[PDB]
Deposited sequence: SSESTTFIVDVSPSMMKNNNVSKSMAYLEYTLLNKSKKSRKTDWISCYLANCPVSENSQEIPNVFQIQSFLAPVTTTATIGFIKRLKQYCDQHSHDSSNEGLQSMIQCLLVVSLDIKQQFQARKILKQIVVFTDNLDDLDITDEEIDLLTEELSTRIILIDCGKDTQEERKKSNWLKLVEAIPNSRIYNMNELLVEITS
């Protein structure tokens, strides 16, 4: 049952201009609030922002922001708080605060892999990384094969745009790619 989901949200200008960050937040809120009670008591969440002007994380890497540390239990209170943190970030950065031309997706991915591996150690827990981005070509990464050996975390990529990422996906087991258009069912 137990599971760990780490969210990575791309906050590049195209993500921030086309409401993809907004949409991602809305979706995270729906999903987290919709967890079963049993589930909240066994699972973990965390959130990292990639391509981000804020640099704060365990490895003190540029342009990666661990906006939510590993969190359990995933209670309603905890969820509302997490979503508020994402909301502040948007409100505070909706007026374009120096995120042009940033590429830190691979560094973010590696920080997460290191944070995860430290976090969980020898625990029997499903580990997962969910990635919200509209650029599957921006993943500065043969290298893939090193991850394919190191990462025991499956990767769910969410393409928010109407390759390196594809390669990495097929490399790691149980990985997948979805459109935003197929996350929930629109009613018509």
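A.B. asks: In sequence order, which parts of the deposited sequence are missing C-alpha coordinates?
C.D. replies: In sequence order, the gaps with no modelled C-alpha are 142-143, 165-172, 199.
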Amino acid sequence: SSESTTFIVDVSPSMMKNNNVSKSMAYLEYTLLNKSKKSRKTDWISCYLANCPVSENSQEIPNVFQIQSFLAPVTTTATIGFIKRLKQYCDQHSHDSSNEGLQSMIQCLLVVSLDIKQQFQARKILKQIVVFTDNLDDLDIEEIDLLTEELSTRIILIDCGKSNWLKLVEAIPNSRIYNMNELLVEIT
From here on, numbers count along this sequence of modelled residues.
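A.B. asks: Taking the mean of the C-alpha B-factors per stretch from the entry, tell me the winner out of 127-135 and 62-70.
C.D. replies: It is 127-135 that shows the higher mean C-alpha B-factor.
A.B. asks: State which stretch shows the higher mean Cα B factor in the entry: 108-116 or 95-103.
C.D. replies: Per the PDB entry, the higher value belongs to 95-103.
A.B. asks: According to the Cα B-factor stored in this entry, which of the following is highest: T153, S46, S55, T42?
C.D. replies: The record points to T153.
A.B. asks: Test of reading the entry: by CA B factor among the chain's modelled residues, which third contains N19?
C.D. replies: For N19, whose C-alpha B-factor we compare with every modelled residue in the chain, the answer is the middle third.
A.B. asks: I141's Cα B-factor: lowest, middle or highest third of the chain?
C.D. replies: Top third by C-alpha B-factor.
A.B. asks: Which third of the chain holds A122 when residues are ordered by C-alpha B factor: lowest, middle or highest?
C.D. replies: It falls in the top third of the chain.
A.B. asks: State the tercile, meaning the lowest, middle or highest third, of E149 with respect to the CA B-factors recorded for its chain.
C.D. replies: Tercile = highest for this residue's CA B-factor.
A.B. asks: Could you tell me which third, lowest, middle or highest, the C-alpha B-factor of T6 occupies within its chain?
C.D. replies: As the PDB entry reports it, the C-alpha B-factor of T6 lands in the lowest third of its chain.
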